[PDB]
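Structure first, commentary second.
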Amino acid sequence: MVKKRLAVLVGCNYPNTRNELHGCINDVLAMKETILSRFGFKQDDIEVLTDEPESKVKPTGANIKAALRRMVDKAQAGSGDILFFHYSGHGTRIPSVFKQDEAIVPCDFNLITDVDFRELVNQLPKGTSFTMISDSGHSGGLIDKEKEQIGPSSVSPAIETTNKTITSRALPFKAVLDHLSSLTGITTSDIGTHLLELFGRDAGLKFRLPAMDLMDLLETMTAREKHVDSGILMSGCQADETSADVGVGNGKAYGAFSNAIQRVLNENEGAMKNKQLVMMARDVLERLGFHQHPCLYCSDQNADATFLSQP
């Protein structure tokens, strides 16, 4: 029985904009070489969506969700398929209505929120694994309702702040709203109005469904999550934190969390549990003076499973 190893790698540098980053595309290229060499992924099973000027497939909100939709077509029940999604780029938090929702910011600002990723993992059968590494600001909780295994509620002298030159991978809500206002030509405080007007069908699930219809849909996910739990989120920081973009525009920049993952893998060649990988990545960032706290969200069984099912 053949098992599939599918990957979607997304990197947003936002070049030549007001929200430029420099290490996100390098994070994607480094993670691609890692899964090709160490984890047995094949070139034809990997989709790369980066926003360099000459890119032919930009990481728009529709292209990202469609690529994640194509891995959703191939995961089968009883096959134990391995799905991987890396995101390096800007993140943001939007008001849930008293509460905030976490989201990633595609290059066209068609936000993908935590309910979109919760809907995605609820389309996967039991035994499948969806490992998501989101090196972005406010990345903690991006898979809504996924149990926190490592984070502020699951873990118990300060280190001097890093001397590296860093830039935040988080955009304020107003910066995201103003960006969408420059495209719609209208002014409203409801970000969903801009997103529905700009993207319509391709807008996030939170913005297309009425709140009560979303409540009915989330009730079906709550029932299914009691028996199937296939989502594994490794966030670069907590829900209330940002993630650091390290370096300048010299072609050598990188994400602090993505680099910490590469360091742990370089120093540990054997198979590593998902919980240990996040813990050792936290140790790297803590020692290096970074104040973001990577978090892990998955089931108890997947917390003890090896990263990307390495034997």
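Positions of Cβ are generated from backbone atoms using ideal geometry, with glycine treated the same way; all protein chains shown enter the neighbour counts. Rule-based calculations on the coordinates, nothing more; no lab input.
Results, tabulated for the structure shown:
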{"quantity": "Residues listed by number, segment 108-136, amide nitrogen under 12 Å from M221 label point at 7 Å toward C-beta", "calculated": "113-124"}
{"quantity": "Relative contact order computed over segment 180-245 (Cα-Cα under 8 Å; 6+ residues apart), in percent", "calculated": "16 percent"}
{"quantity": "Phi to ³J(HN,Hα) by Karplus 6.51 cos²θ - 1.76 cosθ + 1.60 over segment 78-91, Hz, x for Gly, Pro", "calculated": "x, 8, x, 4, 10, 10, 9, 9, 10, 10, 10, x, 7, x"}
{"quantity": "Calculated from backbone phi, Karplus (6.51, -1.76, 1.60) coupling profile of segment 53-66 in Hz, x at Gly/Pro", "calculated": "x, 8, 6, 8, 10, 7, x, 6, x, 6, 5, 5, 5, 6"}
{"quantity": "Stokes-Einstein diffusion coefficient of the chain, Kirkwood radius over Cα pairs, 25 °C, 0.890 mPa s, in µm²/s", "calculated": "126 µm²/s"}
{"quantity": "Proxy reagent accessibility, fewest Cβ within 10 Å first, across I232, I82, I94", "calculated": "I94, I82, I232"}
{"quantity": "Beta bridges by DSSP in segment 5-309, antiparallel share as percent, to the nearest 5", "calculated": "40 percent"}
{"quantity": "Segments 25-35, 283-293, 128-138 sorted - mean Cβ within 10 Å per residue, highest first", "calculated": "128-138, 25-35, 283-293"}
{"quantity": "Residue-averaged 222 nm ellipticity for the chain, from DSSP H runs of 4+ at -39500 (n - 2.57), nearest 500", "calculated": "-10000 deg cm²/dmol"}
{"quantity": "Separation of alpha-carbon centers, segment 207-272 and segment 58-110, rounded to whole Å", "calculated": "9 Å"}
{"quantity": "Sequence-distant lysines (8 or more away, or on other chains) whose Cα lies within less than 18 Å of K126", "calculated": "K3, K4, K74, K145, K147, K226"}
{"quantity": "HN-Hα J in Hz across segment 289-295 - Karplus 6.51, -1.76, 1.60, θ = phi - 60°, x for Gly and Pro", "calculated": "x, 7, 9, 6, 10, x, 10"}
{"quantity": "Computed FRET value (nearest 0.05) for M1 with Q43, which takes r as the C-beta separation and R₀ as 22 Å", "calculated": "0.45"}
{"quantity": "Amide H within-cut-off set for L21, under 5 Å, with H built and near neighbours excluded", "calculated": "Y14"}
{"quantity": "By average C-beta atoms within 10 angstrom, highest first, the peptides 295-302, 40-47", "calculated": "295-302, 40-47"}
